[PDB]
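J.: have a look at this fold, sequence not included:
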């Protein structure tokens, strides 16, 4: 088939920066190339058709060019809402093939995570499990550490965390750590602590509560 | 343009099950529909072209049916290699619209969400806007439904959700539903509720707060 080679695999640039992504077809595909934008968790959206025709409704900062084997896509000045994975697709023939994609990540200033800790719900305890939740809100970069301490003893392999994709409004992340103990182990202890270390934190922040 | 609506948005199933997704167009598009498969972090792959033409190389457990406005896709026996997100796309005319997608995932121990509700801070209300958040935490499968009620009335068109994509999928989700109201509207009501639904919950868990 026609192989589509996209580059780079991912990249980070500041808002206002020009972004250029390229695609090459294994063979001359004339001008039959489309560019899609895939926001996190959404269906892909067409931005550019036939190598350079900008779809109506798409911001003018997007543009494509080239023909034959080499093609390129450009974002004049990167904005928070451009956070997505861009794909090029050749439509010279079936099977319509896509390139690997390119994750663009917005670089921005360091933001300190504002943190909260939430004790298990009595309704949750009734199921045989207690989940203590620790929330790290609006931070940058993503590299953040969250260590659990139950009665001063460090925890391991009983924590699970979900971090969000970079926010399209302010380019920050939010993370949620969850300590899961059986109702028995939970009742055996009093102090539940969550130690969050981040780059915008001079010293590790510790949130905690005393069991009822 | 032509709007494509898929169904369901996600589904959990065990290896060997017969799976069926649907896709309906806002207007007759003949057989001009493609069905893609997208593994996490991969570019979509065309599986079916022209409504029911299996692309050379795809396994026969995959089938397509439909014409005009109602289409469907079927997997005779779900195989572990089929766990992914599927899309339909119409190519009757630009902008080559893609449906929302249907995430097909494996059945596992049902994990119920611990919902939390956060009211707007005074600093934000200063801005003239009011956003009340409702976090669904650490759940599974992804199928969940957050419903907002203000002074016991059902709201619509004023909330936004962002599901945390799970990376290394022997995991769980987190979902935020943000209801934005103008300051004046926010101060015109008392009770703000968020009623979530999930298969882990025996009954819809309604979480709320009273302005004040």
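T.: The structure has been received and is ready for your questions. Numbers count the residues shown, from 1 in each chain, chains lettered A, B, ... in the order given.

J.: how does chain A divide up, domain by domain?
T.: If you go by curated CATH domains, the domain ranges for chain A are A:1-107, A:108-211.

J.: reformat those as CSV; add distance to chain B.
T.: In short, each C-beta sits where N, CA and C put it, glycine included. Below are the domains of chain A laid out as CSV (distance: least, C-beta to the nearest C-beta, whole Å):
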stretch, distance to chain B
domain A:1-107, 4
domain A:108-211, 4
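
J.: nearest to residue B:68, of those?
T.: Counting by C-beta to C-beta, residue B:68 lies closest to domain A:1-107 out of the domains of chain A; the figure is 21.0 Å.

J.: ok, residue A:67 to residue A:55 distance?
T.: 18 Å (C-beta to C-beta, to the nearest Å).

J.: if we can go back for a sec, CSV for the domains of chain A, including distance to residue B:139 and mean neighbour count?
T.: What follows is the domains of chain A, written out as CSV (distance: least, C-beta to C-beta, whole Å; neighbours: other C-beta atoms under 10 Å in any protein chain shown):
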stretch, distance to residue B:139, mean neighbour count
domain A:1-107, 16, 18
domain A:108-211, 10, 16
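
J.: so residue A:186 sits in a helix?
T.: Yes. Assessed by DSSP: H, G, I helix; E, B strand; the rest coil, residue A:186 belongs to a helix.

J.: rewinding a little: between the domains of chain A, which one is closest to residue B:90.
T.: Closest of these to residue B:90 is domain A:1-107, at 11.5 Å (criterion: C-beta to C-beta).

J.: and that closest one, how far apart are its ends?
T.: Using C-alpha to C-alpha, to the nearest Å, one end of domain A:1-107 lies 37 Å from the other.

J.: equivalent analysis for stretch A:198-212, please.
T.: In terms of C-alpha to C-alpha, the two terminal residues of stretch A:198-212 are separated by 30 Å.

J.: which secondary structure element is home to the closest residue in space to residue A:171 that isn't next to it in sequence?
T.: Take residue A:171 and drop its neighbours on the chain: the residue closest to it by C-beta to C-beta, 6 or more residues apart in numbering or on different chains is residue A:106, 4.2 Å away. Taking DSSP states H and E as the criterion, residue A:106 maps to strand A:102-107.

J.: same check, this time on residue A:116
T.: Going by DSSP H and E, residue A:116 is part of strand A:114-118.

J.: which ones are touching the spatially most central residue of chain A?
T.: Centroid check for chain A by C-alpha atoms, centre = their mean gives residue A:165 as the closest residue, at 2.7 Å. Taking C-beta atoms under 8 Å, 6 or more residues apart in numbering or on different chains, we find residue A:165 in contact with A:40-41, A:83, A:173, B:162, B:164-165.

J.: residue B:95: which of the domains of chain A is closest?
T.: Residue B:95 lies closest to domain A:1-107 among the domains of chain A, at 4.3 Å (C-beta to C-beta).

J.: hang on, the earlier thing: wait, doesn't the residue nearest to residue A:171 sit right on residue A:83?
T.: Yes. Applying C-beta atoms under 8 Å as the test, residue A:106 and residue A:83 come out as touching, 5.7 Å apart.

J.: identify the contacts common to the two.
T.: A:166, A:171.

J.: which ones are touching residue A:171?
T.: Taking C-beta under 8 Å, 6+ apart as the contact definition, residue A:171 lies against A:15, A:80, A:83, A:106, A:108, A:140.

J.: closest one to residue A:3 out of the residues you listed, please.
T.: Of all the contacts of residue A:171, the one with the least separation from residue A:3 (C-beta to C-beta) is residue A:83, at 27.6 Å.
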